[PDB]
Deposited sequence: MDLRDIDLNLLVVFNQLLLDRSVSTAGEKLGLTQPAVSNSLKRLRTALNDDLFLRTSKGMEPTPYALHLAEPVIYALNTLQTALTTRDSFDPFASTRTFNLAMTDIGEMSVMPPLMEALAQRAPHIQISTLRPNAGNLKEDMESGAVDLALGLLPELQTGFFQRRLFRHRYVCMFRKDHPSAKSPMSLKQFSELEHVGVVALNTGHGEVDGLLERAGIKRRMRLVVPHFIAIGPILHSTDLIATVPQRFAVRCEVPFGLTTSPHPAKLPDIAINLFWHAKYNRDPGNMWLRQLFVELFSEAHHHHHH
């Protein structure tokens, strides 16, 4: 409470995007990183040619590092960031089926029956919303032949390219993969709910001009709301 007044009393640091040499530290998952970072850096080349960016995984501690200001912004599903945090809804993950373009049998739209006949690569994606996919399919009684399981998304494009495996992936991932790896997608035959992704900042930095500048750029580039 006395903090809120002290944070308001301080003369806020000037932010000139053309001249700033500030480093912004951003927490996001490997999916957020492959999705946001290319167009973010593309925009920043034209908007703020001298700042530095670095990213990290949320899984820190994030809460404490955001209060100190060691981490500027966090993107994801971060249930623990509650008191002292502002948040804003950016976009949703929708899950699709992905497989190579000239797959011998896979169809779009894929049926639930075909989904169950084909072989899968699964992604564990521990402590993320993508991590709930396995449990969701299992609980629904949807059988999958789990031919390969990997912990993270990096190898999925090249794996699907070279095999007749299919994958359950967020559409934002699939979109970065379809052309580079000669892949197609189908809408997903199971009942997978969306994951709503938010951008988070600490209240200490709610009126920090640099922070405000960067988060508005995230809204501008990525907001679907």
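(message) In sequence order, which parts of the deposited sequence are missing C-alpha coordinates?
(response) Going by the record, the segments left unmodelled (no C-alpha atoms) fall at 1-75, 135, 302-307.
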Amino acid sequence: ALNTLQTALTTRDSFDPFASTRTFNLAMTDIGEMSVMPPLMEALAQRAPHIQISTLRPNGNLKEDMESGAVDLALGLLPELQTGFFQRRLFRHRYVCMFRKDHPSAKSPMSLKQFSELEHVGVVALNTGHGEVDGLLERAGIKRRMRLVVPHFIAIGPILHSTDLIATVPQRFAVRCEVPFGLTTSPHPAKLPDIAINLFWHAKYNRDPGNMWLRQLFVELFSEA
From here on, numbers count along this sequence of modelled residues.
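(message) So, looking at the entry's B-factor column for Cα atoms, which has the higher mean, 184-192 or 34-42?
(response) It is 184-192.
(message) Regarding 143-151 and 81-89, which shows the higher C-alpha temperature factor on average in the entry?
(response) So the stretch with the higher mean C-alpha B-factor is 81-89.
(request) Check where residue 58 lands among this chain's C-alpha B-factors and tell me if it's the lowest, middle or highest third. (result) Its C-alpha B-factor, which the entry lists for residue 58, ranks in the highest third among residues of this chain.
(request) Would you please rank residue 106 by its C-alpha temperature factor against the other modelled residues of its chain and give the third it falls in: lowest, middle or highest? (result) It falls in the top third of the chain.
(request) Within this chain's modelled residues, let me know which third the CA B factor of residue 24 belongs to: lowest, middle or highest. (result) Residue 24: CA B-factor falls in the lowest third of its chain.
(request) Tell me, lowest, middle or highest third: where does the Cα B factor of residue 15 rank within its chain? (result) Ranked within chain, residue 15 CA B lands in the highest tercile.
(message) Using only modelled residues of the chain, where does the Cα B factor of residue 165 rank: lowest third, middle third or highest third?
(response) According to the entry, residue 165 has a C-alpha B-factor in the chain's middle third.
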